[PDB]
Every structure is written in structure tokens, then in C-alpha cells.
């Protein structure tokens, strides 16, 4: 359910924290099987292995 929760939520405002602590916010366009994350409206292509966790918004 994680991966398909990301590809079928193709468009929501999400809050990624990267492993260096370097936080990032924006709207997501595409998710890979590896959980690569392509985004815009940013504070970008992000390698999945470079994610710490993702705070989400909706439900």
C-alpha cells in the first residue's frame, strides 16, 4: 500500500525530510518503484534511498 498510496496520490502537497535533515515541501508529479520523487513548488528529483520519511496531507 505505501508505493501505490504515493503513485495514486499523484498531486498532493507533501513534506519530505531527507536523511541529511534537509527538509523539502512541494507538490508531487511522479513516483518510481524505488520511490523516487519528482516534485515542484519547492523549498526537484529526489532519489528514494535519500528519504527519511514523508509527512502527508489529506486523510
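Residue numbers count along the first chain shown, from 1.
The deposited sequence places 10 or more unmodelled residues between residue 43 and residue 44. In the deposited entry, the Cα temperature factor of residue 38 places it in the middle third of its chain's modelled residues. Among all modelled residues in this chain, the alpha-carbon of residue 51 has a temperature factor (C-alpha) in the lowest third. Residue-level temperature factors show residue 16 in the middle third of its chain, judged at the C-alpha atom.
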